[PDB]
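Two versions of one and the same chain are coming, encoded as structure tokens; call them structure 1 and structure 2.
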Structure 1
């Protein structure tokens, strides 16, 4: 019932104290783009906020969008490259991941 699997981790240095910093485990079609993954992070947070204490809620589920998160992938150079929102996951897997394992992506709230 789905395709590429990946682990979303909070960016190792950009995160702040009151940021939601969940590691997430997902699967979706290779044609999903980075913008879909960004929007997913926002929507999932928004859903969790519905039952949160609510001191620094940042999301409204109604308007959550791909603009709320920046997505990165680590490179062999040790660089964390920002992925363009238009990129498909298949493209990212082919051109940036190159490992026979679930893809590892990082995120940071924008910014």
Structure 2
């Protein structure tokens, strides 16, 4: 729907060996951070399953929950409460009239 997201791995909290591939996402502004974290978990799991499906290995397996961040002034990242709507996040933290930039990392 109406909220647009440019969704990336947290630059520092990544696993170096993992893809840095930016995701472009549309959804309702009423979606919460918890919905987005769960969406990520599901999408990554689905992608991993399909990848294992296409790999030469005969054996599969079963991972993580994610924390969502937004960049703030200055040189830092703010953890977003799971109950926040994405609309609130854009108004409170992002503000500008552009697709919103959010980040993710596995919850320690």
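Only the largest set of C-alpha atoms that superpose within 1.5 Å between the two forms is called the rigid core. Positions refer to the first chain, counted from 1.
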Determine, with the core as the superposition reference, the one member of 103, 21, 14, 91 that shifts its CA by 2 Å or more between structure 1 and structure 2. 21
How about residue 31 - superposed on the rigid core, does its CA move between structure 1 and structure 2 by 2 Å or more? no
Determine whether the C-alpha of residue 58 shifts by 2 Å or more between structure 1 and structure 2 once the rigid core is superposed. yes
Once the rigid core is superposed, tell me how far the Cα of residue 49 moves between structure 1 and structure 2, in Å to one decimal. 1.1
For residue 79, what C-alpha shift in Å is seen between structure 1 and structure 2 once the core is overlaid? 2.4
